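Below is one structure, written out as C-alpha cells; comments come after it.
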Amino acid sequence: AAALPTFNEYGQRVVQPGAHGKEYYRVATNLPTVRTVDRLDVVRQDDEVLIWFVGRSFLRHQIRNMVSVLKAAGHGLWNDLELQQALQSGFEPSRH
Amino acid sequence: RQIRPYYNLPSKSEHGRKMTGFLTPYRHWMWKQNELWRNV
Amino acid sequence: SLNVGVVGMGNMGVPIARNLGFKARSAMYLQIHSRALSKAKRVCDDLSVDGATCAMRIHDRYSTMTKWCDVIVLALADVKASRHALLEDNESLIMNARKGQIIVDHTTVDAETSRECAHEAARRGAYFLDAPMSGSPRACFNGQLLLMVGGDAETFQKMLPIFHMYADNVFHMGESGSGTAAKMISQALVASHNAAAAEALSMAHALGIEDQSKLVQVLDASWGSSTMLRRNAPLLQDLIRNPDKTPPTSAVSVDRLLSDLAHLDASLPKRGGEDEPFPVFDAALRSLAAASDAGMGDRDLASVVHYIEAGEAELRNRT
Amino acid sequence: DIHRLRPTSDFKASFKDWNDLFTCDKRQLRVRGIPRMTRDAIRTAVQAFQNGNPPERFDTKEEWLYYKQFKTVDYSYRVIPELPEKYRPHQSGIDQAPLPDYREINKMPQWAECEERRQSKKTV
Amino acid sequence: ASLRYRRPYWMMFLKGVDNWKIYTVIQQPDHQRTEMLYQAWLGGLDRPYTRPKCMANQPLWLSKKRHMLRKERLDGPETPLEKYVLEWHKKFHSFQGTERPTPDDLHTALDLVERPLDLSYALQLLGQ
Amino acid sequence: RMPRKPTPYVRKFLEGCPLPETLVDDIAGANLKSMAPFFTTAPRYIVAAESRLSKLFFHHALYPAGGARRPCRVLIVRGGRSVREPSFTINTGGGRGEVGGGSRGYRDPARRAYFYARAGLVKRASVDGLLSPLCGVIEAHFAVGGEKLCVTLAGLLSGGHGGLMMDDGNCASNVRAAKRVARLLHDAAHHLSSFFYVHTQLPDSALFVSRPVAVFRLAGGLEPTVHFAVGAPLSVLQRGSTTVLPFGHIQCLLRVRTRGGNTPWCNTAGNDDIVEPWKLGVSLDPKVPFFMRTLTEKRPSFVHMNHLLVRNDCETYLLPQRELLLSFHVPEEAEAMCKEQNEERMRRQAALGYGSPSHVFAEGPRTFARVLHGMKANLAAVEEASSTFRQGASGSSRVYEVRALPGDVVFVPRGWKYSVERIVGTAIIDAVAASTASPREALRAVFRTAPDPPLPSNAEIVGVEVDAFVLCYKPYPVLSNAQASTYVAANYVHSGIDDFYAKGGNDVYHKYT
Amino acid sequence: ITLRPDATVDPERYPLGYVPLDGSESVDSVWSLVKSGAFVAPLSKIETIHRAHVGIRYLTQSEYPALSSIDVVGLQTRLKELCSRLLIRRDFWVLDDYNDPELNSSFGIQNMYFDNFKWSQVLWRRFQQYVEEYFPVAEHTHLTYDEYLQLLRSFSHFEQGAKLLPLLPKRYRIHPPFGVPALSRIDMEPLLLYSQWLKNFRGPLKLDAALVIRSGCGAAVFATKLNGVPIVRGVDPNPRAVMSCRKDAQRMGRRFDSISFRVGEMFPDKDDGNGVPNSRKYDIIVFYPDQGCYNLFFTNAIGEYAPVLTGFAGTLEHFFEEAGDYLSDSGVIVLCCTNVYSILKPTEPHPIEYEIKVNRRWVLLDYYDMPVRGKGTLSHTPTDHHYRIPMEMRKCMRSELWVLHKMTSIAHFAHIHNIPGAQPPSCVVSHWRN
RNA sequence: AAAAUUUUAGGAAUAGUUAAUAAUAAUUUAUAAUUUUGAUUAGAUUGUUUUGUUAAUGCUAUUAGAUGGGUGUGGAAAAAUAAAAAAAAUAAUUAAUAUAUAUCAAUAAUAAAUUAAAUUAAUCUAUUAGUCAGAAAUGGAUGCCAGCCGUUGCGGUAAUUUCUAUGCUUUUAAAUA
Ligand SMILES: [Mg+2]
C-alpha cells in the first residue's frame, strides 16, 4: 500500500518500485519454513496443563514459542486478528 | 423597541402572533406621560 | 395549587396558621387540626374575625386532613405527641400517607424518631421533612424563624415559598435526620458558650477588672467573641457583683434548654467505652443540672455562674 | 420569564427573599451559578423595577415555537412552507380526477322517504 | 416579517394559494412538465397549456370555463322546483357573479314545493 | 476574506460528511418531503427533539404523503409528554390580562439520571416525577367495605365499557359497567394474586373547583397534555341533567390487584456443571459474547375473558407512568386496507410480467417493477420481523410488541387491540451458554427494576395503581376514495389542518375549483 | 464475516443471508429488522448503510436511556449486538459512492480525513490494499460497518499522523496501525494530571528509570520522556503496537532516544537467573489500565488451583502483586484511573482501597483527583461501536491518580508522612518514632 | 468619469472588433482598431513608503477589498449568513467577568487559531536538580558460521562494532543575510 502511486507534500506524483509487478507479485518466504504440526492438544489435567506437539520436524525454538503464544492466549491477550497477523508476519532474521 | 404588555388586546390566532399592539387607555395615558418626560 | 394543613395549636402553633392565612391570598387552601376540636374552632374564629383572605377548614380527625391536603405541617408541644400523631395513632398521617404528600414536622424530636418517620414515609411513597423551629413566638408572629429542613432536595425546593411565609432563615441540612440534629448542636453550642462566658466573667471579677462595659466591647472584637457573651454579660455583671441577688425569670429557662439537651444523649452513640468523649458538653450539662435542682430551673440561663463550682462536684467524686 | 433561552423561573431557589434578589449585582449572580443570558435578564428586570417599570411583558414562547417550525433562516417571523418532491395528484399514482356516482348521490334520503310515507298516510 | 424579498413581486399580498413555493420553480423543466400535465388533469383544454409566469392561481378566463364545464351535482331533476334550483345556480351562483337575488325570486322557489324534499331545497335558498 | 497563513505545500479541501438533515428530520418526524408508498401496519418510532414536533408534522405523520385514508399505524414518540399549568387572569397591575398558560414539556424530562461514586441496591427512577402527585390522588381514591369499592370501580369506568370487549345484550350501560367488573372478579377468583387493566375517568377527588365562572383544576396542579395532538379532545357527558365533563378527555389506565382463595436490585448468578450459527467459520472469541433482553412480569394462567383494551370510539394517546410492554393486535380492516392499497399500487404502477427471478434482489436490469417488488418485499420482511403470530379462540393476526417508557406518547388508533404488561427489569444472557440450552439457564447478570410483588366464590380488590394516562381524542376522519385521490400533502404544509380535522376529512375539490 | 444463510431469519425470500436496503425505507424500519436478528447490507450506495448506522445507534439509546450504572452496561450490550448486523460488502469499490474519478466526489468518513482529489485519484487504491492485510477478500465476503469505519480512521493514522493534544506539542505524531486503541479527549485527562505530577515530583523523588505497563498507542510513554525522565521502557502485549511505537520514537526527533518497547504480558520476563536482569530496578512504574463497560461489571474470582480475579480488579491485583519484584527500594508506583469503576460498579468495594487496607502491601503516599473537562468516548475498543459519555455520568467522573510505595520502604518516606497537610496511616507513625 | 504604474530562461500575431452617425433599439460609410516602445492567449496572481534586514533611493514580505442569470424587489443586490453597528415606549447605561452557562444530543482534532506577566474580598506557602571536567545507558542500527552434510533443527553466543543525547539562553552543528 505504501509503494502504490501517491501525491507527495508538493502535489507531484511519486511512485515507489515496490508496487511495480516484480516486487508486487512477490512471494513471502524463500527458506523452507513451511512445516507441519500434525497434532496440537491442550489437555487440562489435575493441577496442570499439558501441551502435546506431534509433528515430524520442528524449527529452532518453535515449540517454546508456540507455548508462550498459547500461554498469552490463556490469559486473554490476543484475538483472531493478531494471531493471523503474527502467522503472516513470517520469519524475522534478526536477533534484536 | 415597542413594549408588548400582557394586558394588551390578545389575537386569538393560530396562524400568527398571539398578542396585538392595541393598547389600554391607561397605557395610552402613561405613554403620553413618558412622551412628555422625553420631550423636555 | 396545593392544599396546606397545619396540625397542632399551642403557644407556637397558632402564628404559623395565622401567617398562612394572611400571606396566602386565596391561592393555597388552608386546613386546621388540633388536639381538641374546641381549640381548632377557636383559632379558626380568631382567623375569621381579624380578616381572612382564604377559605379554611376545621377537622377533628387526621383522615380528612390526609385525603384533602397535599402538604401537612405539624407544630406540636412535645416529642411524644408528634410520635403519637404521626406514627402511633390508628389514623396516622404517615402510616396512611398518600403517594406524593409532603409531611413536615417542626417539633424537636430525637434522631431515631425522624429516621423512622422518613422510613415510613419513603415506604408509603410520601416525602417527610424534619424542620425544627428556632426563634421567639413574637418573632414567629412577625415572620422571623430559623428552620433546618432535612429531607429531599427537590421537595425542599417545592416548600420554599411555603416556608418563606413564616420564616426568614430556612436552610437545607441534607438528608432526613440532619435537620433535627442541627438544633441539638445549636443548643449544645448555646450551653457551652454560656458556660464559657460565665467562667470568663468570673475570672474577670477574680482578676479585679472594674469596667465590664468596656470589657465586652473588646471581647466582642476579639477571637473569643460570641452572641451569648453579648447577651448574658449585663445580667452576669449583676449576678456576680451581687451573689445574694436572685436571678430574674426569663422566657428561655434552664429546663427549656435541658429538654432539648435530653434528646442529644439518646441520639448519640454509646459513650460508656471512654466514659467522656465530650468534655465541655458534659461540663456545661452538669452545671445546668446543678442549676435546675437548686430552684433556679425556670429562671434565666445566666444562673450558671453560681453553679460553676457545682459542675466540679460531679467530676471529683464520681472519679 | 418571557424568553425560552432566559429561564428566569428556574432560579427561584437561588435567592432567600426580596431584598436578596434586589441587592445582588451581576458578579453575585455569576457566583450563584446562573448562566449569562439568565442573569442579564434578572439584572435588567431588577433595574427596570427600580426605575418604575414593573415586569409587564408578553410571554413570547408559544409564538416563537409556532414560528420555529418553518424554514426561516433568520427567524424573522415569516412563513416559508416546505415544498415536497410530489405536489400534484397525477404523479402520486392517481390516474385521473375521481368521478362521482351520480346515481348514488341522487337517491332520496331516509327522512325524505319517511316523510313521503307520512304524507301518503295523512293524505288518504 | 414580510415576504417582499423571499418571493417574486407578483406574489405581493398573496394569500390562500395551495403552496406558493410551487410557482417560484415552475420554469424548471421537470416542474414545467408537471404543470402542463396538471392542466390536462384538470380538463377543459384541447391543447397543452401552462399558466403564466406571473400568476399563482388559475387565470380568470380558465377558471370561468372550468366552472361552466363542471357538471352539477343534481342530475335528472324530477320536480319543477329542482329545475328551478339549477336555474338558481346558473344565475345566482355563477363564477364572479355580480347580480343578487330578489325576494320575488324567493317567492317563486317557495311556490313550487310539492314533496317534503322540496322544502329542504327551498329553505336552503332562504338561508342564502 | 479570512486570514490564512501561507504554506509551501498543497491545501486539503475536505468535503466531510455531516449529520444528515434528512435523517434527523425523519427521526424527529419533521421531514415533510418523504414520498413513501406501500402503507404498512408496522409501528413508527419518533424521537422527540426540542421544538421539532408540532401538530403540523404530526398530521403528516398520521396521514403520510402517499395518499392514505386512515391513520392505521401505532406512533411511538420518545419523550413527547407535556405538562401544562393552569392559566389565570391578573386583576391587579396596569390592566386585565391572562397569564400562566405554559408547557413544561421537552425541558423537564421524566426519570432523571442518578449517577454517583462511592443483591446490590442501585438508585433509579421508575415513575414519572411530575405526575406522581396526580397519580397519588387517584390511587388514594380506591384505598380502604369491599362492595363499596367494587361499585366505586364500576361507577368510574370509561364510557361503561372501560376498553374491554364483552358481549352485552338487552342491557343498559350502568348494569354493563357492573357486569364487566363482576366478570373480572369471577375470572380472577382462582389466583391468589392476579391483576387486570381497565380504562377509567378521573374521579371527583382529583378535580377541585376554584372561585373566581366555575373553573375545575386538577389536584396535582399539573395537566398531562400532548402539544402535538391534532383535532379536538373527546367530550363525554356528565350523568347525575347532561352537561360536559371538565377533564373527561384525560383518562387513566388502571391496574387492579385481586385476592383469591425507587431502589432496584441486581444479582449476578452462576451455574453449576455452534456458538455463532450465522458465522461460517469458527472464531477464537465470539463477536457478540452477551445478549440483553427486556424482562417482563408473569401473567397468571387462563371460558376466558378477552382482557384486551379496545377503544372503538376515540383515538388513544398513552402516556406511560412506568415501563410497560404493549402487545398490539392489528384489526383486520387495517391490514385489509393496507393490502388492497399496496396491491392496487402494484397493479397500477408495475404492469410488467417481472420476468419471475429467483428472489427479489437478483442480478438483472433494475426496472421500475423490480424496484417496486424489492420495496414490497422489504416491507413484508419488516412486517414479519417486528411482529409475531398468536392464536385466538380460530383467529390469527399480527402482534407488535412495543417497549414503552415513562415520558413517551403512544398513539393508538381506534379499533386496535392491545395487551399491557409491566416491565420488571433487564437481563443479560451469555451467548456461548445459550447455544446449548435455553437462555433462562444462560443468565449471567439480572437487574430487577421492579421489586413490587408482595405476599401477605369471587375476588377482592386489594389495590389500584395507574400505569398510564389515556388522552382520548375525537375519532380522526377516514377519507373516502375521492377524498384520498385528491389529497395532496403539499396543500397542508402551512395551513388547513384544523379545518381538515374539524370538517369531515378534506374537500374533494380543495384548491382546484 | 462470512454469512451462513441456513441459520438466518428468512432464507427463502433472502437466500444470500442478508436483507439489502436499496435506500428507500425509513431507519426505524431497518431498526426493526436488526432487532429481530436479520442482517442488512447496502445494495448500491454506502450512504444507505451509513444512514442506517447513525439512526439505529440513536434509536437504541432512545429505547434504553442511560438512567443509572446498570442502564449503560445494558445499552453497550445491546449496541454491540445490533451494530454487528449492520454489514457492508467486502468489495466496497463496486458500490456507487465509493469514489468518482471524474467529479472527485465520495461519500464516507474519508472526506473528513483526506482530500477529495487525493482520495478519488490515488488513495482509493491504497485503501483497497490496506483492508487486504487485515480482512482478505477470501476469508470475508462481508464486513461490519464499524470495522469499515475503523479501517478508514486507522488508514488516516497510517497515511498521516495523529496528534496527541494537549499531551504532545503539536508536531509529535503517532501511527497506531490497526487494533491499537488510541486516546480520546477523556482518555487524555488522566495523563494530563500525571504529566503535571511528573513535572513537579521529578527531582524531589529522584525519578530516573521509568517503566510503563500496557502502553497501547504509547502516549503514556512519550509523556514521561518530555517531563525529563531519562530512561523509559514500555511493555505492551500487542507485538504490532510495539513495532509502531518504536518507529514513532525515531520519527519524533532526537529527544526520544532511550525509549524501548518490549513484548510482555504485564511486566518484563525476569526468568533468567544466570543472566541476572534483576539489577535493572525502576524507581517509578506507571500503569494506565483500560476501563471498558463489559470489563468493569463482570469482575469475579475464577480458578481452582490458581484462584484469580477477573476484569478490572483482576488487572489491578496483577499489578499490585508483581510490581515489588521490579521496583527499587525508595521507589513508587503511579496508577492512573478514571473513577468509572466506582460509577459503573457502586455495589462492589473500592479495588484500590482493597489493596491498601486489607492486603497491607502498599502505603498510600499521595492521591490526586481532578474533574473531567471534555467529552467523547472512553476506553474505546477499536472495531466496536462508538459511545460518548452522557452528561450526568460526565459530571460525576473524575481523573484520579494514585501514588503508592512499598510497605518495606516506610523508613525512607517517613519524613514525607510527618509534614503538615498529609495523612500518614497507623503503620507509618509506629515506625517513625520521632 | 480621466492620468498613472505588474511578472514570465528558450518573445508573435489579436478581434461580437475602431471612428463617424438625422442611428434609443447602427440593414450605411471609412485607406478602421491593438501589437516588436512587447499585444491577445497560457502560467503565477487581491493590491498596499504599513514586514524584516542593512551604512544603504538595495534586497525581501503582506490577510483592506470586489464578485453581468436566486428574486427587477429596492434609493442602492451587497441578500441564504456575522460576539452589537442596540434595531422607531428610558428594556438595561454602578463596576469587573461581558462569555463558557444559548449547559443534552449522532462526531471524528482530520482541522481552525494562538503564544504568558492580577481583573472582588472571607487567614496559611513560594522558590527545575544529592550538578554531570565526560564517565555511564535489559538506548538505537546490526549479523556471520557445513554438524561429513536428507524437514533432527545442537551450538560459537549472555555476539561484537557504529551512531548518541546532556551541560554548557558564556551556548554548539544546518541554511539564509
Ligand atoms: Mg455614412
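In order, the protein sequences belong to chains FB, Cd, FN, Cp, DP, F8 and FE. First residue of the first sequence: 445, per the authors' numbering; consecutive thereafter. First residue of the second sequence: 10, per the authors' numbering; consecutive thereafter. First residue of the third sequence: 7, per the authors' numbering; consecutive thereafter. First residue of the fourth sequence: 64, per the authors' numbering; consecutive thereafter. First residue of the fifth sequence: 10, per the authors' numbering; consecutive thereafter. All the letters of the sixth sequence, read from the start, carry residue numbers 10 to 127, 157 to 182, 203 to 270, 303 to 330, 352 to 372, 387 to 398, 414 to 442, 481 to 571, 586 to 648, 670 to 726 under the authors' numbering. First residue of the seventh sequence: 16, per the authors' numbering; consecutive thereafter. All C-beta atoms, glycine included, are put in the ideal place defined by N, C-alpha and C.
Could you tell me how far apart the beta carbons of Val415 (chain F8) and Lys95 (chain FE) are, in whole angstroms, since I believe they sit closer than 8 angstroms?
The beta-carbon distance between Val415 (chain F8) and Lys95 (chain FE), rounded to whole angstroms, is 15 angstroms. This is too long to meet the 8 angstroms contact definition.
Could you tell me the boundaries of the beta strand (DSSP E) in which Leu198 (chain FE) lies?
Run containing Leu198 (chain FE): none; DSSP gives neither H nor E here.
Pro144 (chain Cp) CB to nearest chain DP CB: under 8 angstroms?
yes
Between which residues of its own chain and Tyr149 (chain FE) is the CB-CB distance below 6 angstroms, once the five residues before and five after are set aside?
For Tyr149 (chain FE), where only same-chain residues beyond five positions count, the Cβ hits under 6 angstroms are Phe193.
Compare the C-beta of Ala178 (chain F8) against all C-beta atoms of chain FN and say whether one is closer than 8 angstroms.
yes
Leaving aside the five residues before and after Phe66 (chain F8) along the sequence, list all residues of the same chain whose C-beta is less than 6 angstroms from its C-beta, in chain order.
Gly38, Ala39
Does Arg523 (chain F8) get closer than 8 angstroms to chain Cp when you measure Cβ to Cβ?
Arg523 (chain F8) counts as touching chain Cp.
In this structure, what does DSSP give as the bridge partners for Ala338 (chain FE)?
None, per the DSSP bridge assignment.
Thinking C-beta only, is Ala77 (chain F8) closer than 8 angstroms to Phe48 (chain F8)?
yes
Looking at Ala239 (chain FN): is its Cβ nearer than 8 angstroms to the Cβ of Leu207 (chain FN)?
yes
With a cut-off of 8 angstroms, does the C-beta of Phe112 (chain Cp) fall near any C-beta of chain Cd?
no
Under 9 angstroms from the C-beta of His24 (chain Cd): neighbouring residues of chain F8:
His707, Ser708
Pairs of beta-carbons, one from the stretch 314 to 333 of chain FE and one from the stretch 174 to 181 of chain FE, closer than 8 angstroms: are there three or more?
no
Residue range of the unbroken alpha helix (DSSP H) whose run includes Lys609 (chain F8)
Counting along the chain, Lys609 (chain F8) falls outside any alpha helix (DSSP H), though it belongs to the beta strand (DSSP E) covering 609 to 622.
Can you list the residues of chain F8 that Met385 (chain FE) reaches, using a CB-CB cut of under 7 angstroms?
Near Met385 (chain FE) there are no residues of chain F8 at all, since even the closest Cβ is about 14 angstroms away, more than 7 angstroms.
Contact check, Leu206 (chain FE) vs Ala234 (chain FE), beta carbons under 8 angstroms
yes
Taking its Cβ as the centre, do 16 or more other Cβ atoms sit within 10 Å of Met77 (chain DP), making it buried, or is it exposed?
exposed
Just to confirm, is the Cβ distance from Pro52 (chain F8) to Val83 (chain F8) under 8 angstroms?
yes
What first and last residue would you give for the alpha helix (DSSP H) that runs through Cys50 (chain FN)?
43 to 55
Cross-chain neighbours of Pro171 (chain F8) in chain FE, by beta carbon under 7 angstroms:
Near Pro171 (chain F8) there are no residues of chain FE at all, since even the closest Cβ is about 21 angstroms away, more than 7 angstroms.
What does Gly106 (chain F8) pair with, by DSSP beta-bridge criteria?
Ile99 (chain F8)
Give the single residue among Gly531 (chain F8), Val616 (chain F8), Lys687 (chain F8), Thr494 (chain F8) whose Cα lies nearest to the Cα of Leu435 (chain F8).
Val616 (chain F8)
Check whether the stretch 315 to 326 of chain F8 touches the stretch 687 to 698 of chain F8, taking contact to mean three or more Cβ pairs, one atom from each stretch, closer than 8 angstroms.
yes
Please confirm whether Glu119 (chain Cp) and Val706 (chain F8) have their CB atoms less than 8 angstroms apart.
no
Alpha-carbon to alpha-carbon, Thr369 (chain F8) and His249 (chain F8):
8 angstroms
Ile507 (chain FB): which of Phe451 (chain FB), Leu475 (chain FB), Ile495 (chain FB), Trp522 (chain FB) sits nearest, CA to CA?
If we check each option's Cα against that of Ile507 (chain FB), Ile495 (chain FB) comes out closest.
Beta-bridge partners of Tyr72 (chain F8), as assigned by DSSP:
None, per the DSSP bridge assignment.
For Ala703 (chain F8), decide whether its Cβ has a neighbour in chain DP, counting only Cβ atoms nearer than 8 angstroms.
Yes - at least one Cβ of chain DP is within 8 angstroms of the one on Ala703 (chain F8).
So with CB distances below 8 angstroms, who are the chain Cp contacts of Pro34 (chain Cd)?
The CB of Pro34 (chain Cd) never comes closer than 8 angstroms to any CB in chain Cp; the least such distance is about 16 angstroms.
Within a Cβ cutoff of 8 angstroms, which residues of the same chain sit near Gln243 (chain FN), ignoring the five residues on either side of it in sequence?
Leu207, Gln218
Using beta-carbon positions only, say whether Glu44 (chain DP) and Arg60 (chain DP) come within less than 8 angstroms of one another.
Yes, they are a contact pair.
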